[PDB]
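Take a look at the structure set out below.
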Amino acid sequence: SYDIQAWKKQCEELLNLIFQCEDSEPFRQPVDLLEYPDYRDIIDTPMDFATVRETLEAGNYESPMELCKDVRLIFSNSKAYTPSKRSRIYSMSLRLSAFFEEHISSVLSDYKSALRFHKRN
Ligand SMILES: O=C(NCc1ccccc1)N1CCN(C(=O)c2ccco2)CC1
């Protein structure tokens with residue numbers, strides 16, 4: 001299964017699944033900087049699922065590893081903003097992170113396999 005390009009539609013599909021999850025609600029759009037004026041000083045690099053989808057659709061990811069690094073930043077930014085590990089949003093972030101990691105594993109595996117096959121000879 002050595003299609004070097006197949007990751008992109010696989011990631012579009014997975015982002016669609018994540019937008020259908022009620023658990024993505026708090027991560028679907030950039031955090032409001034006027035609503036959270038201190039957000040700026042806790043979080044250096046904001047990240048949300050609309051930004052990831054638009055970066056993919058612009059052709060500005062070279063690999064699913066780069067998409068995966070931005071999705072992981074959403075979840076790390078939530079673990080950093082959370083004042084409690086028994087909070088609504090941080091709790092939503094941990095379930096969504098598990099769903100994402102369960103689905104991205106095969107995408108990364110298939111891509112890395114396809115690149116090794118391309119450089120086999
Ligand atoms: O307001 C946000 N995002 C816009 C939005 C949220 C809900 C509905 C529509 C739009 N947030 C998401 C990021 N964040 C946290 O991860 C977090 C951890 C502990 C408390 O919040 C702060 C809230």
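Note that these values count all heavy atoms, side chains included, but never hydrogens, waters or copies made by symmetry. Remember, it's 1-based here, ligands and their atoms both numbered in the order they're listed. For the single chain, residues carry numbers from 1 onward in sequence order.
Taking OG from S24 and CD from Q29, the interatomic distance works out to 9.5 Å, rounded to the nearest 0.5 Å. To the nearest 0.5 Å, atom CD1 of residue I74 and atom CZ of residue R28 are 12.0 Å apart.
Using a 4.5 Å heavy-atom threshold, the side chains of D48 and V31 count as separate. Contact check for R53 versus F19: side-chain heavy atoms found under the 4.5 Å cut-off.
Checked by distance only, ligand 1 and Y90 stay at 3.5 Å or farther apart across all their nitrogen or oxygen atoms.
Of the possible donor and acceptor atoms, none in the side chain of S113 sits under 3.5 Å from a partner among the backbone N and O of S109.
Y81 CD2, 3.8 Å is the protein heavy atom nearest to atom 22 (C) of ligand 1. Of the protein's heavy atoms, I89 CG2, 3.4 Å lies nearest to atom 15 (C) of ligand 1. Looking from atom 19 (C) of ligand 1 to the surrounding protein, the closest heavy atom is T82 CA, 3.6 Å. What sits closest to atom 10 (C) of ligand 1 on the protein, heavy atoms only, is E25 O, 4.4 Å.
Listed by number with element, the atoms of ligand 1 under 4.0 angstrom from any heavy atom of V31 are 2 (C), 3 (N), 11 (N), 12 (C), 13 (C).
The hydrophobic clustering, which links ILVMFWY residues whose side-chain heavy atoms are closer than 4.5 Å, places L56 and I4 together.
Of the options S91, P46, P26, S78, the smallest heavy-atom separation from atom 16 (O) of ligand 1 is shown by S78.
Within the structure, ligand 1 lacks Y39 among the residues with a heavy atom less than 4.0 angstrom away.
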